[PDB]
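Residue numbers (the deposited numbering), protein chains in the order written: chain A, 197 to 261, 275 to 294; chain N, 1 to 86; chain Q, 32 to 104; chain E, 1 to 162; chain G, 1 to 142; chain T, 2 to 60. Encoded as structure tokens, the structure appears first; notes follow it.
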Amino acid sequence: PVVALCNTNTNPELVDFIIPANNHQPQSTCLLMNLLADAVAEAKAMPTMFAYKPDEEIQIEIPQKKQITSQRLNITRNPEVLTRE
Amino acid sequence: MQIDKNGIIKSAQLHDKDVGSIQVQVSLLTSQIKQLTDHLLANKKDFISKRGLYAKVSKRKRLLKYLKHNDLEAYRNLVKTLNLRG
Amino acid sequence: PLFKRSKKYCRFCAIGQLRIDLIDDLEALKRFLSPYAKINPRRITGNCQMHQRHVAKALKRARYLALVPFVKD
Amino acid sequence: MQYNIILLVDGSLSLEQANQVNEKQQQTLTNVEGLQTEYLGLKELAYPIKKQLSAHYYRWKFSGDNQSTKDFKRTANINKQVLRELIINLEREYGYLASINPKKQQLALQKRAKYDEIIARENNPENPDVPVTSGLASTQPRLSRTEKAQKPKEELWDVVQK
Amino acid sequence: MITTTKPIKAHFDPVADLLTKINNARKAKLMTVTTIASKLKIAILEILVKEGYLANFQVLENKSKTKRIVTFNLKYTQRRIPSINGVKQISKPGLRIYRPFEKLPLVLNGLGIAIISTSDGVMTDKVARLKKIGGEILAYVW
Amino acid sequence: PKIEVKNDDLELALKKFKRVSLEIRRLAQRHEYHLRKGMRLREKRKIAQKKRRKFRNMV
RNA sequence: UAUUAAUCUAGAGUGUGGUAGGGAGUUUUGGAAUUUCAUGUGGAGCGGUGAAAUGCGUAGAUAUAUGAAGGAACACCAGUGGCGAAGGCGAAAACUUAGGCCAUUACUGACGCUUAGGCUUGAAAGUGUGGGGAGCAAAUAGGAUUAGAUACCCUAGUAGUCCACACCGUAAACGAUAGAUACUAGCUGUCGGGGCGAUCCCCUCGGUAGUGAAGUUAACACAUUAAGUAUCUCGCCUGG
Ligand SMILES: [Mg+2]
Ligand SMILES: [Mg+2]
Ligand SMILES: [Mg+2]
Ligand SMILES: [Mg+2]
Ligand SMILES: [Mg+2]
Ligand SMILES: [Mg+2]
Ligand SMILES: [Mg+2]
Ligand SMILES: [Mg+2]
Ligand SMILES: [Mg+2]
Ligand SMILES: [Zn+2]
């Protein structure tokens, strides 16, 4: 079994438990990964971090290094494969 | 010299709004041929017009064959008026 | 490398002239012409293909009516 | 049809070249409507064709049958006072149907005046700027498109058996 | 009242038209398809749904009663693999296939179905054997 | 191709005339041997393609 | 299924309304550039090559400036382009003319696909008659190179390349992929018609490209413009 966070551009056959989500945002990714870790943590019998929890304790911050977004650009870096004769 | 499509349709119409039958189509086709035979006879080196002329000639023959297969009596009426046989 | 703006715009399309006459925008066509009495290409002139052809025919027609030069020398 | 001649005559003197245009008008043009003429006049010439650089420019906006061209064309060369003449038949020019189309004119007018307001723009250039060299995206999509978007003609179908 | 958006056109051969539609839908995993409706196509599709390869088939008519198009769907299982495996047409235009009752074919040792329209419209091969009467053989479906 | 020297400096003059002459030179080698229409069309499309691909990665 | 007697519009056409084109023929016109000739200035080489030599030049060449004559082809535009069934089409104009795309509450009402035989067109070279001939150049002469050079190089150089009318009917005439019909992911371009109304960009209907999965192939590769899933018709293949 393999689970994955598909982002609209993945072949569904390869993954087993697809979990529609983002993958480019340092906030969505962290939230979902901890949730799966939280299931494991509850099964292992140590307190959870984000799952089955209220509003006041889930708030997280956006990492630094325009603005946190998720647009895919940088298309100019895809010219024609070097050819001609 | 040029033709007028409006006049030929009004003359060859069997009844009003019948602007797409076989009789009106073949009458228009014959008129353009007369003009087109003139043009090709004058020039003698334009072959696209010759291709168009041959294609147009073939369409009337096929159209007249169909109108012979169905309702042959109306074929007689149209042929004597238009004088296309000979 | 180099940098600049991709402003490359077809003038006549925004102004919607839709029609080119050689004695209505003569000073406009002289801009499209290069200083060497030569019709500038896409990279410089900036019009679309349709208006470039239209301006090109008009520029050559003016050059037949003997309104604009044909080459420096 | 409606033709448009752009005549060229020598730079002798204005009234006699204007007079020269009148004979060329009354002799030929077998069948013709009203021949309104303007007087671009003695403008400089791009080359000394016919050993002439100072020419009077005339434009004729007549209209008539296709026979109006032959006699005038064959007489122009013979006449030593005429340098060039071009009968630019506007029914074959690059774009003739749109100028007669009424709604097209309107949208054309439409397009020009707004782009021009952009041109006017409160303290617009900020530098030479060229006619544009400064054009923002058409904001969010032209909502008018989304509202007046045309629904095609398909068909409503009714169930019969199941 | 079912609405559509696309114009519906179809190929001329009504048995292989359906066969091409069915095979392409199977290969492309498509579910909803449309085609023009003919009584032969309706009847052959009716026995098809009785023999159990497709689920539903609804024919509709225009508001003028001049055109009819049949829109059928396939029976996919939960894991999204179809029940149809392969379709092949025998009596193509030009070469019409006529076999007597004694030479009625058996498809995949009886697992598949052979479609035969003898005299009382289209009829499956097994019931055709029961009636001891044969005729036109349209296509093999398994 | 007249361009004035302006008599303020010389270098600037040779910097512009070098460009004009190279575009002039290009056509000069083009017009020395007559090639067939197929071969001639091939070299035009090739030059455009070379310039195009260059402009693609330079833009 | 075939025959016959009829109805319908969705196939295909016609008309109206939008509309893009280097589509074709005929008749006129124009400028750069070369050659020759005319007139000046000028004074020893020019030309050609790997290096040179035939060759041109004190009879004043090359060069420079002006003019005249003539023929051929139409820089730029010109394209990650347009048109035509193909060959092909790019200086300008006039006249005649072919097809195509989009929307159709209009009309006829299966009138459609393919096509043996037949007809038409069909690059260049080649032929016959009459013109034309600036440049270029098969054949040919000379100078080089070479062991030899009937070749590659150079200097000359006829037919021909051009036009009109008659033939020839072949090409790697290639997308090495016949036409028509139905279905099958998507993405990035670009062109045309239409809708909105700043361009730009969005949507629809088409044409032309790139990338790309199922699918196909021996592989390369094709992949909605198929070499995929299927039907009709024609042409063709059966070891060297
Ligand atoms: Mg001179
Ligand atoms: Mg020849
Ligand atoms: Mg010898
Ligand atoms: Mg020589
Ligand atoms: Mg000979
Ligand atoms: Mg052959
Ligand atoms: Mg070819
Ligand atoms: Mg590919
Ligand atoms: Mg043998
Ligand atoms: Zn434009």
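Positions of the beta carbon are idealized from the N, C-alpha and C atoms, including for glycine.
- Annotation: the segment 32-73 of chain N contains the following complete segments of the alpha helix (DSSP H) (minimum length 4 residues), in chain order: 47-69.
- The beta carbon of residue 256/A sits closer than 8 Å to those of 223, 226 and 227, all from its chain and outside the five residues before and after it, given in chain order.
- Residue state for residue 36/E is assigned as coil, using DSSP reduced to three classes.
- Around residue 59/G, the beta-carbon contacts reaching into chain E at under 7 Å are 160 and 161.
- Listed along the chain, the chain Q residues whose CB falls inside 7 Å of the CB of residue 3/T are 103.
- Residue 52/E is positioned such that its CB atom lies closer than 7 Å to that of residue 83/E.
- For residue 54/G, the closest C-alpha among the options 46/G, 61/G and 60/G is that of 46/G.
- Here the distance from the Cβ of residue 82/Q to the nearest heavy atom of ligand 10 is below 6 Å.
- When secondary structure is reduced to three states using DSSP, residue 39/Q falls in the coil class, being assigned neither helix nor strand.
- Placement of the Cβ of residue 43/Q at a distance of less than 6 Å from at least one heavy atom of ligand 10 is found.
- One alpha carbon belongs to residue 100/G, the other to residue 129/G, and they sit about 11 Å apart.
- According to the DSSP assignment, residue 115/E belongs to the alpha helix (DSSP H) that extends over 102-120.
- The residue among 131/G, 116/G and 79/G with its C-alpha nearest the C-alpha of residue 139/G is 116/G.
- Put simply, of 125/G, 33/G, 82/G and 107/G the residue whose alpha carbon is nearest the alpha carbon of residue 10/G is 33/G.
- Between the alpha carbons of residue 218/A and residue 237/A lies a gap of roughly 23 Å.
- Two segments are said to touch when three or more pairs of C-beta atoms, one from each, lie closer than 8 Å; by this definition the segment 72-84 of chain Q does not touch the segment 92-103 of chain Q.
- Around the C-beta of residue 245/A, fewer than 16 other C-beta atoms lie within 10 Å, and the residue is accordingly described as exposed.
- In the DSSP assignment, residue 54/G forms a beta bridge with 74/G.
- In the structure shown, residue 3/N adopts coil according to DSSP, grouped into three states.
- Inclusion of residue 78/Q in the 6 Å shell around ligand 10 follows from its C-beta lying nearer than that to a non-hydrogen atom of the ligand.
- A straight line joining the alpha-carbon of residue 214/A with that of residue 30/G spans about 22 Å.
- Residue 30/T is outside the set of residues whose beta carbon lies under 7 Å from a beta carbon in chain A.
- Around the Cβ of residue 146/E, a 10 Å sphere holds fewer than 16 other Cβ atoms; the residue is exposed.
- Among the residues of chain T, those whose CB is under 8 Å from the CB of residue 289/A are 54 and 57, following chain order.
- Residues of chain T with a Cβ closer than 8 Å to the Cβ of residue 72/Q do not exist, since the nearest Cβ in that chain sits about 10 Å away.
- Of all residues in the segment 16-49 of chain T, none places a beta-carbon less than 7 Å from a beta-carbon of chain A.
- Counting along the chain, residue 75/E sits inside the alpha helix (DSSP H) bounded by residues 70-78.
- In this model, residue 69/Q and residue 24/E are separated by some 35 Å (Cα to Cα).
- For residue 10/E, DSSP records a beta bridge to 55/E.
- Chain-order list of chain E residues neighbouring residue 40/Q: 132 and 135, by C-beta distance under 8 Å.
- Three or more Cβ pairs drawn from the segment 41-61 of chain Q and the segment 105-115 of chain E lie within less than 8 Å of each other, which places the two stretches in contact.
- Look at residue 225/A here: in three-state DSSP terms it is helix.
- Between residue 68/E and residue 2/E the beta-carbon gap is near 11 Å, outside 8 Å, which marks them as no contact.
- Chain E places a beta carbon closer than 7 Å to that of residue 100/Q, counting this residue as a contact.
- For the segment 78-94 of chain E, no residue has a beta-carbon sitting nearer than 9 Å to a beta-carbon of chain G.
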